[PDB]
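target07.txt, holding compact mmCIF, C-alpha atoms and all ligand atoms:
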```
# COMPACT_ATOMS: atom_id res chain seq x y z
CA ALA C 4 11.18 -11.37 -0.14
CA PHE C 5 9.23 -10.17 2.92
CA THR C 6 5.66 -11.58 2.74
CA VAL C 7 2.48 -10.77 4.67
CA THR C 8 -0.10 -13.55 5.11
CA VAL C 9 -3.77 -13.60 6.13
CA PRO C 10 -5.24 -16.70 7.88
CA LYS C 11 -8.56 -15.75 6.22
CA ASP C 12 -9.25 -13.29 3.40
CA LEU C 13 -13.00 -13.28 4.21
CA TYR C 14 -14.62 -12.65 7.61
CA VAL C 15 -18.40 -13.11 8.06
CA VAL C 16 -19.40 -11.25 11.26
CA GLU C 17 -22.74 -10.59 13.02
CA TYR C 18 -24.02 -7.04 13.48
CA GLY C 19 -22.96 -5.57 16.84
CA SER C 20 -20.17 -8.17 17.41
CA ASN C 21 -16.49 -7.39 17.84
CA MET C 22 -14.31 -8.32 14.91
CA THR C 23 -10.60 -9.06 14.97
CA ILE C 24 -8.85 -9.28 11.57
CA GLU C 25 -5.25 -10.40 11.25
CA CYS C 26 -2.17 -9.98 9.06
CA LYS C 27 0.86 -12.06 9.94
CA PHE C 28 4.43 -10.95 9.15
CA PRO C 29 7.80 -12.64 9.99
CA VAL C 30 9.57 -11.72 13.23
CA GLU C 31 12.86 -13.58 13.60
CA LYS C 32 14.39 -12.96 17.05
CA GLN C 33 12.77 -10.03 18.92
CA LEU C 34 10.57 -7.20 17.58
CA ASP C 35 12.13 -3.93 16.38
CA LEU C 36 9.54 -1.18 17.04
CA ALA C 37 11.67 1.53 15.35
CA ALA C 38 11.57 -0.24 11.94
CA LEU C 39 7.83 -1.16 12.02
CA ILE C 40 4.98 0.64 10.24
CA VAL C 41 1.50 -0.95 10.33
CA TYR C 42 -1.42 0.73 8.54
CA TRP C 43 -5.03 -0.42 8.27
CA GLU C 44 -7.47 1.32 5.90
CA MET C 45 -10.84 0.78 4.27
CA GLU C 46 -12.08 2.86 1.30
CA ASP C 47 -9.27 5.38 1.92
CA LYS C 48 -10.34 5.95 5.58
CA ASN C 49 -7.36 5.91 7.99
CA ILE C 50 -8.30 3.25 10.61
CA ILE C 51 -5.03 2.73 12.51
CA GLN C 52 -1.50 3.91 11.72
CA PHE C 53 1.32 2.59 13.89
CA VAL C 54 4.53 4.42 12.94
CA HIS C 55 7.80 3.85 14.79
CA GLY C 56 6.59 2.21 18.00
CA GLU C 57 3.50 4.45 18.45
CA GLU C 58 0.00 5.05 17.04
CA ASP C 59 -0.82 8.40 15.42
CA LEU C 60 -4.43 9.21 16.50
CA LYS C 61 -4.32 12.69 14.84
CA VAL C 62 -4.99 11.50 11.25
CA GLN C 63 -7.34 8.63 12.36
CA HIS C 64 -10.71 8.96 10.64
CA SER C 65 -13.62 10.21 12.82
CA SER C 66 -15.79 7.12 12.13
CA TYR C 67 -13.08 4.92 13.81
CA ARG C 68 -12.26 7.34 16.68
CA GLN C 69 -13.10 5.16 19.76
CA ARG C 70 -13.75 1.85 17.90
CA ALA C 71 -10.49 0.63 16.34
CA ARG C 72 -7.35 -0.52 18.08
CA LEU C 73 -4.27 -2.53 17.15
CA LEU C 74 -3.55 -5.31 19.67
CA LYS C 75 -0.01 -4.24 20.69
CA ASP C 76 0.73 -7.55 22.49
CA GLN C 77 0.15 -9.43 19.19
CA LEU C 78 2.73 -7.36 17.27
CA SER C 79 5.66 -9.12 19.02
CA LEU C 80 4.29 -12.45 17.70
CA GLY C 81 4.29 -11.07 14.13
CA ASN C 82 0.52 -10.46 14.09
CA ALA C 83 -1.06 -7.14 13.16
CA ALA C 84 -4.50 -7.69 14.72
CA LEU C 85 -7.16 -5.02 14.15
CA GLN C 86 -10.09 -4.97 16.56
CA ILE C 87 -13.19 -3.05 15.52
CA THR C 88 -15.70 -2.84 18.35
CA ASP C 89 -19.47 -2.80 17.78
CA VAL C 90 -19.55 -3.78 14.09
CA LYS C 91 -22.13 -1.97 11.92
CA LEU C 92 -23.15 -2.57 8.28
CA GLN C 93 -20.94 0.41 7.27
CA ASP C 94 -17.97 -1.79 8.33
CA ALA C 95 -18.65 -4.30 5.47
CA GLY C 96 -16.08 -3.86 2.69
CA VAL C 97 -12.48 -4.45 1.65
CA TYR C 98 -9.83 -3.90 4.34
CA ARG C 99 -6.16 -3.39 3.46
CA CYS C 100 -3.28 -3.92 5.88
CA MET C 101 0.11 -2.50 4.87
CA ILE C 102 3.26 -3.54 6.73
CA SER C 103 6.83 -2.16 6.45
CA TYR C 104 9.45 -4.12 8.42
CA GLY C 105 12.75 -4.68 6.54
CA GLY C 106 10.70 -5.16 3.39
CA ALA C 107 7.07 -4.35 2.71
CA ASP C 108 3.85 -6.07 1.65
CA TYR C 109 0.10 -5.62 1.93
CA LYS C 110 -2.96 -7.87 1.80
CA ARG C 111 -6.69 -7.37 1.26
CA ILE C 112 -9.44 -8.74 3.54
CA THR C 113 -13.19 -8.71 2.73
CA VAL C 114 -15.67 -8.27 5.58
CA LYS C 115 -19.32 -9.28 5.29
CA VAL C 116 -21.58 -7.95 8.08
CA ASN C 117 -24.80 -9.98 8.37
CA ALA C 118 -27.92 -8.13 9.46
CA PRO C 119 -29.00 -8.05 13.17
CA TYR C 120 -30.36 -11.44 14.22
CA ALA C 121 -28.99 -12.76 17.58
CA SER Q 3 3.13 16.24 9.78
CA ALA Q 4 3.18 12.50 8.99
CA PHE Q 5 5.21 11.61 5.88
CA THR Q 6 3.18 12.39 2.73
CA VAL Q 7 3.57 11.30 -0.90
CA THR Q 8 2.35 13.67 -3.63
CA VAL Q 9 1.54 13.26 -7.31
CA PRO Q 10 1.96 16.29 -9.64
CA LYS Q 11 -0.74 14.65 -11.80
CA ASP Q 12 -3.24 11.93 -10.82
CA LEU Q 13 -4.27 11.38 -14.48
CA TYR Q 14 -1.93 10.82 -17.45
CA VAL Q 15 -3.35 10.80 -21.00
CA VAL Q 16 -0.73 9.07 -23.21
CA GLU Q 17 -0.58 8.16 -26.92
CA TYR Q 18 -0.39 4.54 -28.10
CA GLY Q 19 3.24 3.50 -28.57
CA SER Q 20 4.68 6.55 -26.72
CA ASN Q 21 6.74 6.40 -23.52
CA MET Q 22 5.13 7.29 -20.22
CA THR Q 23 6.85 8.56 -17.08
CA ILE Q 24 4.67 8.71 -13.94
CA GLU Q 25 5.86 10.34 -10.76
CA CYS Q 26 5.41 10.21 -6.99
CA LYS Q 27 7.25 12.81 -4.93
CA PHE Q 28 8.34 12.22 -1.32
CA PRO Q 29 10.36 14.49 1.07
CA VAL Q 30 14.15 14.08 1.19
CA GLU Q 31 15.38 16.43 3.94
CA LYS Q 32 19.19 16.03 3.77
CA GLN Q 33 20.83 13.38 1.53
CA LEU Q 34 19.06 10.20 0.34
CA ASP Q 35 19.27 7.08 2.54
CA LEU Q 36 19.10 4.03 0.24
CA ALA Q 37 19.03 1.51 3.14
CA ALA Q 38 15.75 2.93 4.57
CA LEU Q 39 13.94 3.31 1.19
CA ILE Q 40 11.33 0.96 -0.27
CA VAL Q 41 9.60 1.98 -3.51
CA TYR Q 42 6.95 -0.27 -5.08
CA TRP Q 43 4.89 0.31 -8.23
CA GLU Q 44 1.95 -1.97 -9.08
CA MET Q 45 -1.11 -2.10 -11.30
CA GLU Q 46 -3.97 -4.59 -10.79
CA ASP Q 47 -1.77 -6.60 -8.39
CA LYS Q 48 1.04 -6.98 -11.02
CA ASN Q 49 4.52 -6.27 -9.58
CA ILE Q 50 6.00 -3.55 -11.88
CA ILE Q 51 9.06 -2.38 -9.93
CA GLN Q 52 10.17 -3.11 -6.35
CA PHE Q 53 13.16 -1.17 -5.01
CA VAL Q 54 14.19 -2.57 -1.61
CA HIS Q 55 17.31 -1.38 0.24
CA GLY Q 56 19.20 0.35 -2.56
CA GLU Q 57 18.48 -2.31 -5.23
CA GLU Q 58 15.65 -3.54 -7.50
CA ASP Q 59 14.33 -7.08 -7.00
CA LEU Q 60 13.63 -8.29 -10.59
CA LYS Q 61 12.90 -11.95 -9.58
CA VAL Q 62 9.30 -11.06 -8.52
CA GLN Q 63 8.74 -8.55 -11.42
CA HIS Q 64 5.71 -9.51 -13.52
CA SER Q 65 6.51 -10.99 -16.97
CA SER Q 66 4.52 -8.34 -18.88
CA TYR Q 67 6.84 -5.61 -17.42
CA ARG Q 68 10.13 -7.54 -17.96
CA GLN Q 69 11.90 -5.29 -20.54
CA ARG Q 70 9.55 -2.26 -20.37
CA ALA Q 71 9.59 -0.74 -16.88
CA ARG Q 72 12.39 0.98 -15.01
CA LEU Q 73 12.67 3.32 -12.02
CA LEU Q 74 14.80 6.39 -12.79
CA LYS Q 75 17.44 5.97 -10.03
CA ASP Q 76 18.86 9.49 -10.52
CA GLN Q 77 15.42 10.96 -9.67
CA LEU Q 78 15.24 9.17 -6.29
CA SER Q 79 17.83 11.56 -4.76
CA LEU Q 80 15.51 14.48 -5.66
CA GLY Q 81 12.61 12.77 -3.82
CA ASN Q 82 10.95 11.55 -7.04
CA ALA Q 83 9.93 7.95 -7.67
CA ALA Q 84 9.67 8.11 -11.48
CA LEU Q 85 8.37 5.03 -13.32
CA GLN Q 86 9.11 4.84 -17.05
CA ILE Q 87 7.07 2.39 -19.13
CA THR Q 88 8.31 2.09 -22.69
CA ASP Q 89 6.01 1.43 -25.67
CA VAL Q 90 2.62 2.03 -24.04
CA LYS Q 91 -0.21 -0.27 -25.20
CA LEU Q 92 -3.95 -0.20 -24.37
CA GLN Q 93 -3.39 -2.94 -21.71
CA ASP Q 94 -1.35 -0.29 -19.81
CA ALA Q 95 -4.50 1.85 -19.21
CA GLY Q 96 -5.67 1.54 -15.60
CA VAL Q 97 -4.96 2.52 -12.01
CA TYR Q 98 -1.31 2.60 -10.92
CA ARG Q 99 -0.32 2.64 -7.24
CA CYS Q 100 3.05 3.79 -5.90
CA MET Q 101 3.93 2.81 -2.33
CA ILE Q 102 6.85 4.46 -0.50
CA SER Q 103 8.42 3.64 2.90
CA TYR Q 104 11.03 6.19 4.01
CA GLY Q 105 10.87 7.18 7.70
CA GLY Q 106 7.09 7.00 7.43
CA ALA Q 107 4.93 5.53 4.66
CA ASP Q 108 2.27 6.59 2.16
CA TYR Q 109 0.88 5.62 -1.24
CA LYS Q 110 -0.96 7.37 -4.07
CA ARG Q 111 -3.07 6.26 -7.03
CA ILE Q 112 -2.52 7.38 -10.65
CA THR Q 113 -4.95 6.73 -13.52
CA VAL Q 114 -3.52 6.17 -17.02
CA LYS Q 115 -5.65 6.66 -20.13
CA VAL Q 116 -4.12 5.29 -23.36
CA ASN Q 117 -5.54 6.87 -26.54
CA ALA Q 118 -6.07 4.53 -29.47
CA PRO Q 119 -3.57 3.96 -32.35
CA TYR Q 120 -4.17 5.96 -35.57
CA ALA Q 121 -4.63 4.58 -39.10
CA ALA Q 122 -2.16 7.37 -40.21
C1 LIG C 201 2.31 2.45 1.90
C2 LIG C 201 2.65 1.67 3.14
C3 LIG C 201 2.04 1.95 4.37
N1 LIG C 201 1.05 2.97 4.47
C4 LIG C 201 0.83 3.96 5.37
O1 LIG C 201 1.36 4.00 6.48
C5 LIG C 201 -0.15 5.04 4.94
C6 LIG C 201 -0.67 5.08 3.65
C7 LIG C 201 -1.61 6.04 3.33
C8 LIG C 201 -2.00 6.97 4.27
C9 LIG C 201 -3.00 8.05 3.95
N2 LIG C 201 -2.46 9.28 3.33
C10 LIG C 201 -3.42 9.90 2.40
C11 LIG C 201 -3.28 9.27 1.00
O2 LIG C 201 -4.30 9.52 0.03
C12 LIG C 201 -1.47 6.84 5.53
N3 LIG C 201 -0.56 5.92 5.87
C13 LIG C 201 2.34 1.23 5.51
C14 LIG C 201 3.26 0.23 5.46
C15 LIG C 201 3.89 -0.07 4.26
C16 LIG C 201 3.59 0.63 3.09
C17 LIG C 201 4.36 0.24 1.87
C18 LIG C 201 5.44 1.05 1.53
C19 LIG C 201 6.26 0.73 0.46
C20 LIG C 201 6.04 -0.41 -0.27
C21 LIG C 201 4.98 -1.26 0.04
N4 LIG C 201 4.76 -2.42 -0.78
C22 LIG C 201 5.59 -3.34 -1.35
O3 LIG C 201 6.81 -3.21 -1.42
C23 LIG C 201 4.92 -4.58 -1.92
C24 LIG C 201 3.57 -4.82 -1.70
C25 LIG C 201 2.99 -5.94 -2.24
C26 LIG C 201 3.74 -6.83 -3.00
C27 LIG C 201 3.13 -8.08 -3.57
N5 LIG C 201 3.55 -9.30 -2.85
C28 LIG C 201 2.43 -10.21 -2.50
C29 LIG C 201 2.94 -11.42 -1.72
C30 LIG C 201 3.83 -12.33 -2.55
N6 LIG C 201 5.22 -12.39 -2.06
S1 LIG C 201 6.45 -13.18 -2.78
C31 LIG C 201 5.91 -13.65 -4.45
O4 LIG C 201 6.68 -14.38 -2.03
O5 LIG C 201 7.53 -12.26 -2.91
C32 LIG C 201 5.06 -6.50 -3.18
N7 LIG C 201 5.66 -5.42 -2.65
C33 LIG C 201 4.11 -0.97 1.11
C34 LIG C 201 2.98 -1.92 1.46
```

Please re-express this file's structure in structure tokens.
Amino acid sequence: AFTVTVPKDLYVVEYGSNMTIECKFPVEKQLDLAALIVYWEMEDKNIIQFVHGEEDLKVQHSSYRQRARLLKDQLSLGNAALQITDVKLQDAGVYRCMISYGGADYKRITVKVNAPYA
Amino acid sequence: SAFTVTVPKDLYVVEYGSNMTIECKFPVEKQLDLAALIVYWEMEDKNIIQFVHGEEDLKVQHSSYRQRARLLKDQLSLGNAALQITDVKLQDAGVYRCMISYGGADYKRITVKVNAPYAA
């Protein structure tokens, strides 16, 4: 069965940093953009939806409007990498990545945001 | 205008020992395309039913749903992922999640309340 993996299920990040969280999925041979859906959400907020070789942007939640991107390059390696830029305490929580690619799976990732220090 | 899953009810109140059928609707424009369809039902991370590419998996199905859960295949052609659990117990109360991939993808949550058995 098709299986998604996370290198870490817990990220501890510093306030104001950039954060990149990752879900790995098998790509034998080359990538097939037509068969690939990748969705990231937190607490039911639509962060990034990549459906059929393209991101949506319309249904993306306002709080992630110019902050979240999927690293397109990484998709060909079988890596759904979410970058959130300028991490705030509101970004602490449980992230869910959902992948459909000849099979489907999802995984949960917890983010702790430590308070501003640096 | 993205693909959207709907639930006619997001809360089922069921009697102890009854059968329960919970439903997620998804658009089927023309005929059904079994090759492109994934339907997954889970509760509290337990694999209830996984329908991948015109067939159920059954290897990965959780032990506590082994002879109790089935997807009503007939209903799929109408755009209805219908999960039947037979002989509902109090352990079946909780939050159910159906996940559908068919052209696009969506999921919905359903809460099940199981009322207690009578002394009748
Ligand atoms: C729903 C979804 C999306 N979501 C959206 O795009 C979306 C979703 C929601 C919205 C927002 N709309 C508003 C809603 O309120 C807006 N876009 C994206 C991609 C795929 C899916 C989807 C589809 C169908 C089925 C499944 N799941 C499964 O089939 C599944 C999952 C998990 C496990 C368990 N296994 C664990 C590993 C062990 N592995 S082992 C033993 O070695 O076998 C098993 N099977 C998923 C994840």

Check every protein, DNA and RNA residue against ligand LIG 201 (chain C), keep those with an atom at most 9 Å away (counting all atoms listed in the file), and present them as a CSV table (one decimal) with C-alpha atoms, keeping the file's coordinate frame.
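Listed below is the output, result-v2.csv:
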```csv
chain,number,residue,atom,x,y,z
C,4,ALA,CA,11.2,-11.4,-0.1
C,5,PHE,CA,9.2,-10.2,2.9
C,6,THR,CA,5.7,-11.6,2.7
C,7,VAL,CA,2.5,-10.8,4.7
C,8,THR,CA,-0.1,-13.6,5.1
C,39,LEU,CA,7.8,-1.2,12.0
C,40,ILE,CA,5.0,0.6,10.2
C,41,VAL,CA,1.5,-1.0,10.3
C,42,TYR,CA,-1.4,0.7,8.5
C,43,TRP,CA,-5.0,-0.4,8.3
C,44,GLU,CA,-7.5,1.3,5.9
C,47,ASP,CA,-9.3,5.4,1.9
C,48,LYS,CA,-10.3,6.0,5.6
C,49,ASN,CA,-7.4,5.9,8.0
C,51,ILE,CA,-5.0,2.7,12.5
C,52,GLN,CA,-1.5,3.9,11.7
C,53,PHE,CA,1.3,2.6,13.9
C,54,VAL,CA,4.5,4.4,12.9
C,62,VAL,CA,-5.0,11.5,11.2
C,100,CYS,CA,-3.3,-3.9,5.9
C,101,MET,CA,0.1,-2.5,4.9
C,102,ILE,CA,3.3,-3.5,6.7
C,103,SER,CA,6.8,-2.2,6.4
C,104,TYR,CA,9.4,-4.1,8.4
C,106,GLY,CA,10.7,-5.2,3.4
C,107,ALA,CA,7.1,-4.4,2.7
C,108,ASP,CA,3.8,-6.1,1.6
C,109,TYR,CA,0.1,-5.6,1.9
C,110,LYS,CA,-3.0,-7.9,1.8
Q,4,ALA,CA,3.2,12.5,9.0
Q,5,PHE,CA,5.2,11.6,5.9
Q,6,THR,CA,3.2,12.4,2.7
Q,7,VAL,CA,3.6,11.3,-0.9
Q,8,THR,CA,2.4,13.7,-3.6
Q,39,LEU,CA,13.9,3.3,1.2
Q,40,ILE,CA,11.3,1.0,-0.3
Q,41,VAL,CA,9.6,2.0,-3.5
Q,42,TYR,CA,7.0,-0.3,-5.1
Q,43,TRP,CA,4.9,0.3,-8.2
Q,44,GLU,CA,2.0,-2.0,-9.1
Q,47,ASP,CA,-1.8,-6.6,-8.4
Q,48,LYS,CA,1.0,-7.0,-11.0
Q,49,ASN,CA,4.5,-6.3,-9.6
Q,51,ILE,CA,9.1,-2.4,-9.9
Q,52,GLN,CA,10.2,-3.1,-6.4
Q,53,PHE,CA,13.2,-1.2,-5.0
Q,54,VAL,CA,14.2,-2.6,-1.6
Q,61,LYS,CA,12.9,-12.0,-9.6
Q,62,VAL,CA,9.3,-11.1,-8.5
Q,100,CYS,CA,3.0,3.8,-5.9
Q,101,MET,CA,3.9,2.8,-2.3
Q,102,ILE,CA,6.8,4.5,-0.5
Q,103,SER,CA,8.4,3.6,2.9
Q,104,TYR,CA,11.0,6.2,4.0
Q,106,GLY,CA,7.1,7.0,7.4
Q,107,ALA,CA,4.9,5.5,4.7
Q,108,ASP,CA,2.3,6.6,2.2
Q,109,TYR,CA,0.9,5.6,-1.2
Q,110,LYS,CA,-1.0,7.4,-4.1
Q,111,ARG,CA,-3.1,6.3,-7.0
```

* Q:17, Q:35, Q:105, Q:57: which is nearest chain C, counting all atoms listed in the file? -> Q:105

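Closest approach to residue 79 (chain Q) among Q:3, Q:33, Q:66, Q:117: Q:33, based on only C-alpha atoms.
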
Neighbouring residues of residue 18 (chain Q) were defined as those with any atom within 6 Å, considering only C-alpha atoms; residues of the same chain fewer than 3 positions away were excluded. Please report them as a PDB file with C-alpha atoms, in the coordinates of the input.
```
ATOM      1  CA  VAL Q  90       2.620   2.030 -24.040  1.00  0.00           C
ATOM      2  CA  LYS Q  91      -0.210  -0.270 -25.200  1.00  0.00           C
ATOM      3  CA  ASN Q 117      -5.540   6.870 -26.540  1.00  0.00           C
ATOM      4  CA  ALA Q 118      -6.070   4.530 -29.470  1.00  0.00           C
ATOM      5  CA  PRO Q 119      -3.570   3.960 -32.350  1.00  0.00           C
TER       6      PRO Q 119
END
```

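Minimum distance to chain Q across C:10, C:56, C:19, C:119 (counting only C-alpha atoms) occurs at C:56.
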
* Excluding residue 113 (chain Q) and any residue of its chain fewer than 4 positions from it, enumerate the residues within 9 Å of it, using only C-alpha atoms, and give them as a PyMOL selection string. => chain Q and resi 12-15+95-99

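One distance worth recording is that between CA of residue 73 (chain Q) and CA of residue 111 (chain C), which is 25.8 Å.
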
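We find CA of residue 23 (chain Q) and CA of residue 81 (chain Q) to be spaced 15.1 Å apart.
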
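Taking CA of residue 34 (chain C) and CA of residue 97 (chain C) as the two end points, the separation is 28.2 Å.
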
* Asked: With distances taken over only C-alpha atoms, which of C:73, C:83, C:30, C:112 is nearest to residue 96 (chain C)?
  -> C:112

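If you measure from each of Q:112, Q:30, Q:87, Q:80 to residue 68 (chain Q) using all atoms listed in the file, the closest one turns out to be Q:87.
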
* Asked: Restricting the calculation to only C-alpha atoms, which member of Q:20, Q:55, Q:46, Q:38 is positioned closest to residue 37 (chain C)?
  -> Q:38

Kindly compute an axis-aligned box around the listed atoms of region 90-101 of chain C, allowing 6 Å on each side, and express its centre and edge lengths in Å to one decimal as lines of an AutoDock Vina configuration file.
```
center_x = -11.5
center_y = -2.0
center_z = 7.9
size_x = 35.3
size_y = 16.9
size_z = 24.4
```

* Mind checking which residues fall within 10 Å of residue 33 (chain C), counting all atoms listed in the file, ignoring those fewer than 5 positions away in the same chain, and posting them as a PyMOL selection string? => chain C and resi 79-81
